[PDB]
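Only one chain is given next, in structure tokens, and it is the form deposited in one PDB entry.
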């Protein structure tokens, strides 16, 4: 596994129950593939067996995820306690905070740069599909920003209090990000690659809004659940996210295709990348 002796503390990026996150420095990297900045999630020596089990299930998943636009697992420290996972560290935080702090061309962001960010997301989602892996929680909050506008798709679960509003419970049953979920996810619980395309659609709406508003921000969580019912009903009472001001009708009709009632009609990520890379 990874030598703990090679991890040099810099900052405590945060804490929670059963663990805490650290930013560390690694000299002369001859373990991975001038010191390298790494992100370390460490399990508390007080953590429950349920907490230990969840950590090793998460390590198992991440170990297969190897793509330039997906968060890499550099290593683990599982042989002894406390258990830890080492990922790449993305200096500019998540895409939501990154976009929220910028204005369109407080630094600026250009329309081609917005599309370039949305292109990395599609190319990344394309990879997970080739592995037949459903993300289940794609949104800007779950996208990390690095040097030279690089985007790497991550998943924080429901660990950050900042995004508590993006999740609807449903107890007790299942805490869900309904505002990003397709109609079939809400009514049936049928998560697929085709429903990830719907989430991608909503994510591209977020990017073109520059993370300024929450999807269906004027409607209640119950009203959004009601709206999934109208897509199944197909009588013309179904509603959609409005066109962002800085969005041409062209790119808007793309978002609309991610919102086709039939999952077969929704375009795949290979097609979504190619359009975001060619048409502007």
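Residue numbers count along the first chain shown, from 1.
This protein has a second form, the form deposited in another entry, left out of what is shown; the following refers to that one.
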Rigid-part match between the shown form and the other one, residue 217 vs residue 122: yes
Note on residue 142-residue 24 C-alpha separation in that other deposited form, which departs from the shown form by 3 angstroms or more: closer
Note on residue 165-residue 50 C-alpha separation in that other deposited form, which departs from the shown form by 3 angstroms or more: farther
